[PDB]
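Report on the following structure.
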Amino acid sequence: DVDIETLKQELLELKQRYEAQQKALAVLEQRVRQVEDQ
Amino acid sequence: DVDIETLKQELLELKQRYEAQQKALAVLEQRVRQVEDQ
Amino acid sequence: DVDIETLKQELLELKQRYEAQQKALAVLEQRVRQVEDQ
Ligand code: NA
Ligand code: NA
Ligand code: NA
Ligand code: NA
Ligand code: NA
Ligand SMILES: [Zn+2]
Ligand SMILES: [Zn+2]
Ligand SMILES: [Zn+2]
Ligand SMILES: [Zn+2]
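Now the structure itself:
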């Protein structure tokens, strides 16, 4: 309801945040490369 | 074995580590910018 | 509705993902430094 389902909801929310950070790591990685060959 | 309070505690712990990694991404982003602009 | 073993399993999987991201942040950090003190 509002407790074990709360845990499950929050874990999914954190998975999304994980995924957003992987995408941001990749953006920053491309920014470093442009600096590197520029 | 499966302690629900333990699960909730560990989810909160991982949320704080998420938060710290966001701040570290931000630190690295500014360092990249320092090298882009100089 | 919620499978508690599954929740524990997924929390540990997300923990491993966090640990890998920490290591990836560190790799990118070294790359930036390489550009910086070059
Ligand atoms: Na920033
Ligand atoms: Na930002
Ligand atoms: Na920002
Ligand atoms: Na710039
Ligand atoms: Na070290
Ligand atoms: Zn622990
Ligand atoms: Zn099951
Ligand atoms: Zn899984
Ligand atoms: Zn460092």
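Chains as they are written, first to last, in PDB author numbering: chain C, 1 to 38; chain B, 1 to 38; chain A, 1 to 38.
Ideal Cβ positions, reconstructed from N, Cα and C, are used throughout, including at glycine.
For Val-27(B), no chain C residue has a C-beta closer than 8 angstroms to its own C-beta; the minimum C-beta separation is roughly 11 angstroms.
Residue burial annotation: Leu-11(C) is buried, with at least 16 other C-beta atoms found within 10 angstroms of its C-beta. Residues of the region 7-31 of chain A with a C-beta less than 8 angstroms from any C-beta of chain C: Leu-7, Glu-10, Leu-11, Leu-14, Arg-17, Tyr-18, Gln-21, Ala-24, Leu-25, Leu-28, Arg-31, listed in chain order. The contact set of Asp-1(A) on chain C, defined by CB atoms closer than 7 angstroms, consists of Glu-5 in chain order. Not one heavy atom of ligand 9 sits closer than 6 angstroms to the Cβ of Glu-36(B). The Cβ-Cβ distance between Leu-25(C) and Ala-24(A) falls below 7 angstroms.
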